[PDB]
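Presented below is the structure to which this report refers.
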Amino acid sequence: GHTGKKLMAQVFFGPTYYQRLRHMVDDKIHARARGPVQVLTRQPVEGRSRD
DNA sequence: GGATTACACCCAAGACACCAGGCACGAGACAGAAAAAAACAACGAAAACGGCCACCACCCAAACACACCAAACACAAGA
């Protein structure tokens with residue numbers, strides 16, 4: 001694509017049925033600097049949804 | 001007999017006690033226990049009948065002797 005030159009090797013090419021799985025990165029990316037702590041231990045809480 | 005059996009992360013879903021016999025008080029009845037009296041043991045006082053010493057006579061015990069029997073050294077017999 002960059003140069004239009006032929007590729008020295010030939011490429012196995014054709015349609016294939018792919019699937020969109022439920023695991024998206026935007027549902028997983030989590031960061032925490034400081035946030036809510038637990039009542040008993042005063043340590044950071046557990047959960048991406050709970051920060 | 002107990003005790004331990006990978007590590008990290010994501011999401012969703014339900015419950016966050018209800019209801020029934022024991023403690024206190026709440027009052028009777030035989031049993032847990034207390035009070036009394038009458039038939040239980042003994043002792044004081046009188047009555048007369050059983051117990052002890054006499055008197056007494058007939059039945060059992062001892063002496064005498066009888067004849068009778070059991071028995072024991074030894075002169076004789078015997079192997």
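In the structure tokens, chains take letters A, B, ... by order of appearance, with residues numbered from 1 within each chain and ligands from 1 in the order shown.
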
Expected answer as a CSV table (one decimal) with N, CA and C atoms, in the first residue's frame: chain A residues within 9 Å of chain B, only C-alpha atoms (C1' of nucleotides):
chain,number,residue,atom,x,y,z
A,27,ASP,N,-14.4,-1.1,28.5
A,27,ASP,CA,-15.1,-1.7,29.7
A,27,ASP,C,-14.1,-2.2,30.7
A,28,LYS,N,-12.8,-2.1,30.5
A,28,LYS,CA,-11.8,-2.7,31.3
A,28,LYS,C,-10.7,-1.8,31.8
A,47,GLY,N,-13.1,-3.1,43.0
A,47,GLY,CA,-14.0,-2.9,41.9
A,47,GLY,C,-13.7,-1.8,41.0
A,48,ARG,N,-13.7,-2.1,39.7
A,48,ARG,CA,-13.6,-1.0,38.7
A,48,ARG,C,-14.8,-0.1,38.8

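Across the model, the gap from atom CA of residue 42 of chain A to atom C1' of residue 4 of chain B is 29.5 Å.
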